[PDB]
Amino acid sequence: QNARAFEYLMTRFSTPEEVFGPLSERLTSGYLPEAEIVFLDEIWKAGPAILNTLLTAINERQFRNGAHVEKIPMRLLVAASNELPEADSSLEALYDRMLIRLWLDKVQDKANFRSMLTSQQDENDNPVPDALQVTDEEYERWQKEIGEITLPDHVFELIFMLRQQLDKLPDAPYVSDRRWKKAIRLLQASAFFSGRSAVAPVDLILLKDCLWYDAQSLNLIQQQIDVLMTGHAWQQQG
Amino acid sequence: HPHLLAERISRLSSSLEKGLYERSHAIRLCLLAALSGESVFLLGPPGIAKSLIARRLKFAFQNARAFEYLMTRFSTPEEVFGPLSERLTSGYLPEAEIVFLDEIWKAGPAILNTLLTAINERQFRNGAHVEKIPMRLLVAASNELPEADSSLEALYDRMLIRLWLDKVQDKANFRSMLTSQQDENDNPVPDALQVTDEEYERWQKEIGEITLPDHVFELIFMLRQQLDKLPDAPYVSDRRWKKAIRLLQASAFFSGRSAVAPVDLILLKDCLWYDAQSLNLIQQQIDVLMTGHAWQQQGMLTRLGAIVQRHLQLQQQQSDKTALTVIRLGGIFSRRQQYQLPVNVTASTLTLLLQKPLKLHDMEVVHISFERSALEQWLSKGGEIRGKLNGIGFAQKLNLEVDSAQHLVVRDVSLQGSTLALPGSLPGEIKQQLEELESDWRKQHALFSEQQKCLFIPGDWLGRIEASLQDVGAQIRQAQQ
Ligand SMILES: Nc1ncnc2c1ncn2[C@@H]1O[C@H](COP(=O)(O)OP(=O)(O)O)[C@@H](O)[C@H]1O
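Definitions and cut-offs
Each chain carries its own residue count, running from 1 in the order of its written sequence; this scheme can depart from the entry numbering, and residues that have no coordinates do not appear. As a convention, the first chain written is A and the first ligand written is 1, with the rest following in written order. Values throughout apply to the part shown, which belongs to a larger assembly of chains. Each side-chain value is worked out from all heavy atoms of the structure, with water and hydrogens disregarded. Disulfide: a pair of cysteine sulfur atoms within 2.5 Å of each other. Buried means the residue's accessible area, taken with a 1.4 Å probe over protein chains only, is under 20% of the maximum for its type, while exposed means over 50%, and partly exposed covers the values in between. Only DSSP runs of H or I with at least four residues qualify as helices, and only runs of E with at least two residues qualify as strands; both kinds are numbered from the N terminus onward. Working convention for charge: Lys and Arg count positive, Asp and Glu count negative, and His plus the chain ends are omitted. For this analysis, a salt bridge means a side-chain nitrogen from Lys or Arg found within 4 Å of a carboxyl oxygen belonging to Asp or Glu. Here a residue-residue contact requires only that any non-hydrogen atoms of the pair lie within 4.5 Å. Only the six-membered ring of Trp is used, alongside the rings of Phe and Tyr, when aromatic pairs are assigned; centres must lie within 6.5 Å, and planes under 30 degrees apart are stacked while those over 60 apart are edge-to-face, with the rest tilted. What counts as buried area is the accessible surface, traced by a 1.4 Å probe, that two parts surrender upon association, with contributions from both included. Here a polar contact means two N or O atoms within 3.5 Å. Within protein one must be a hydrogen donor candidate and the other an acceptor candidate, and residues neighboring in sequence count only if both atoms are side-chain atoms. Amino acids are sorted into nonpolar (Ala, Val, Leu, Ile, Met, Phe, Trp, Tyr, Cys and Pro), charged (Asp, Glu, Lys and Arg) and polar (every other residue, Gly among them).

Structure determination for this PDB entry was carried out by cryo-EM, with a resolution of 7.6 Å recorded in the header.

Under the PDB entry, the name given to chain B is ATPase RavA, and the organism recorded is Escherichia coli. For this structure, the PDB header gives the title as "Spiral structure of E. coli RavA in the RavA-LdcI cage-like complex".

Chain A goes by ATPase RavA in the PDB entry, where it is assigned to Escherichia coli.

This is the structure in structure tokens:
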């Protein structure tokens, strides 16, 4: 009911004044410090000062607005690109902090391409009804009830086992401790909006887009989880 | 008054630990360096809680500011110390207290040049006049190591504490860590445990007033000469030895002490090494020093040997009263058997006395000491005996055989006879000198049983110190039996 958009393209010669609003103390009228859902395309080529300001707006939800600081009501942070960053660069600090790594691709099915090729639905209207939109009061209350989800003993036996399996495989990517803590908030939120009070074992499917980092480790993460979900989840291989 | 200071620090570090498991060695080391004006370095993979410790120690004070910046390959000094108009340093580093600099091994050339003047002088140039920086804690984290021939080594050699963090390994400490409800942006430190600005300026002057005992200097100078003789040991500059004293004097200040304690030398395990190769060498030399010359472990070993030498000297003169005799079992059996003293020696290493001394291994000997759990091997399997001499050295090969009268005749290079015997089952001269050395062990043990409550000491080091003190005490109680 109170969301704003911000579609910006990061270039090799971009300046922080053209992103967070130019100063006069900074004219942040509809940009990022007061926005909710911002879009950043081609993030792997911005300036050095642009990436440094984005790290403080994630762990603290604040911004250095000259003298006094202020909070940022950022609810969703999305970023898209095409290529991959270097192996020894400063751009890996933001990639290791992002949770979900969606892997989109072009369409392949023929039945779903007929209506998609000739679609009359507008992409700038409001297809969401006014009765299905949440208010600002319900958002602040839901941020606290997610952490109250209990962790069953059977769920912990699969998280610790998957961590030890990737450590023994040399070709498996390294997963930091921050990724394991942030992934629980995603699984607990999935069972919260599904009519459950505890962490469901089926929620481990979403971990296929939170462990890999390149195209080489994409076929390894989706393979170990497929065996885990069809082996030790509901005691398949057991 | 000094005794109540150690209790206030123990309650301050307890609230800082809430939220970060298996990180007690990293928070306690940053708290002591912040109250003494020292730096700290962290190394490890990105994602092992390296930036939160810089934002957590600021809540333990009353006027602290945070500064989390990431140094890049194209970073400029104007974006770190504030742009100029004379420089707008509103909330950056010249007026901050605890700053955080991640990936410091890739900044610009002018960035590192300004960080060197803000450490030795605590100042920063600003066009014309200069000003002081109220910096209290300097932390820097990264991932890899710099080059061997580069300009980045000027800052690494100046940092004192080199923390070695790593990912979690324990399973019990990972359950509550995986699902933690503690916020990382609140104020878990109470208002009563936060020091003021007046108490900080007063503590910085009382650290230098800590006296240096004469026994403590014997351990620092010995460690410096030991690392110089080892080619694989890392080089330690003279600046590191001077800056390490401020860390040890600050540990005893917040622990209820007025002098430098020998137990404070444990913190030197993270202030000498520089890479992963020298990490296992520094922790090995200190472990031997703390269990050898700290509380006079080996110092009493060279003194107890002189008492045993004087005691065995008066016992070998009257060894003609009772000698050694091995049985000659036969009846219905082949070769006879050979053994040693029974319950008369209740130890794994028994001693033997000889009458006529000989020259074995181009040296004189007054008593032959064998192993109780190893002498039966040669006496049953046969071959060549392996025993030490004078209670020292390795198991040398001697020329021992069986005599017609069952006597351990130790032969040499001249085919000379030497019948071994046993000491008698305590003179007044030996007992008087033994009580003087035994009383010294109780004085050294009483010091460890009073200062072990230091919060800035890891728990795994107390197991090796207690095992080293009981080993010396178990040997001094053998001669008095
Ligand atoms: N070993 C750990 N134990 C507990 N919490 C951790 C650990 N590692 C990371 N975290 C949590 O992850 C969050 C972000 O950590 P971060 O600053 O990214 O670490 P780093 O600076 O090492 O990358 C912190 O709030 C911290 O609570």
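Student: I'd love a proper account of the state of the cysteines, names of residues and values included.
Tutor: All names here are of chain B. Overall, the coordinates contain 0 disulfides over all chains when judged by the stated rule. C30 takes part in no disulfide bond, and the closest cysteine sulfur to it belongs to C271, at a distance of 11 Å. A relative accessible area of 1% places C30 in the buried class. Exposure remark for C271: the relative accessible area of 1% places this residue in the buried category.

Student: Kindly report on the side chain of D102 of chain B, identifying the contributing residues and their values.
Tutor: Looking at where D102 of chain B falls in the secondary structure, it is placed in strand β3 (residues 98-102). At 5.5 Å, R97 of chain A is the nearest oppositely charged side chain to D102 of chain B, a buried residue that forms no salt bridge. Not counting the four nearest positions on each side in its chain, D102 of chain B is found in contact with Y69, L70, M71, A141 and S142 of chain B.

Student: Describe the pattern of salt bridges, and please don't skip the residues or the numbers.
Tutor: Close approach of charged atoms allows side chains of opposite charge to pair. All told, the structure shown has 26 salt bridges over all chains when counted by the stated rule. One connected set of salt bridges, linked through shared partners, spans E60 of chain A together with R55 and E68 of chain B.

Student: Please give an account of the packing of aromatic side chains that cites residues and values.
Tutor: Overall, the coordinates contain 21 aromatic pairs over all chains when judged by the stated rule. Aromatic side chains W103 of chain A and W212 of chain A sit 5.8 Å apart centroid to centroid with 90° between the ring planes, which places their arrangement in the edge-to-face category. Remark: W212 of chain A occurs in the loop between α6 (177-192) and α7 (218-233) and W103 of chain A occurs in the loop between α2 (92-95) and α3 (111-117); sequence separation between them is 109 residues. For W103 of chain A, a relative accessible area of 51% gives the class exposed. When the centroid spacing of 5.2 Å and the interplanar angle of 80° are considered together, the rings of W295 of chain B and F448 of chain B count as edge-to-face. Accessibility expressed as a relative area gives 2% for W295 of chain B, which makes it buried. Here the aromatic residues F6, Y8 and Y31 of chain A are joined through ring pairs into a cluster of three or more.

Student: Hey, could you go over the interface of chain B and chain A for me, with residue numbers and the actual values?
Tutor: Taken residue by residue, the interface counts 30 residues in chain B and 36 residues in chain A. Overall, the association of chain B and chain A removes approximately 2900 Å² of surface from exposure, summing both partners, and the carbon and sulfur fraction of that is 51%. Ranking the residues of chain B by area buried against chain A places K171, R175 and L178 of chain B at the top, with a combined share of 22%. On inspection of chain B and its partner chain A, the count reaches 4 salt bridges. In this structure, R175 of chain B engages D153 of chain A in a salt bridge whose closest nitrogen and oxygen atoms are separated by 2.8 Å. Linking chain B with chain A are 9 residue pairs in polar contact, by the criterion used here. Put simply, the parts of the chain that give the side of chain B that touches chain A at least two residues each are β2 (68-70) and α6 (172-178) of chain B. Per-element tally for the side of chain B that touches chain A: the top contributor is α6 of chain B, with 4 residues. Of the residues belonging to the side of chain B that touches chain A, the class tally is 11 nonpolar, 8 polar and 11 charged.

Student: So what's going on with the side chain of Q406 of chain B? Which residues, and what values?
Tutor: Residue and element names in this part refer to chain B. When you line up the elements, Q406 lands in the loop between β12 (399-402) and β13 (408-411). Overall, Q406 belongs to the buried group, its relative accessible area being 5%. At a separation of 2.9 Å, a polar atom in the side chain of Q406 contacts the side chain of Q338. Beyond its immediate sequence surroundings of up to four residues, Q406 is in contact with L324, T325, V326, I327, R328 and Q338.

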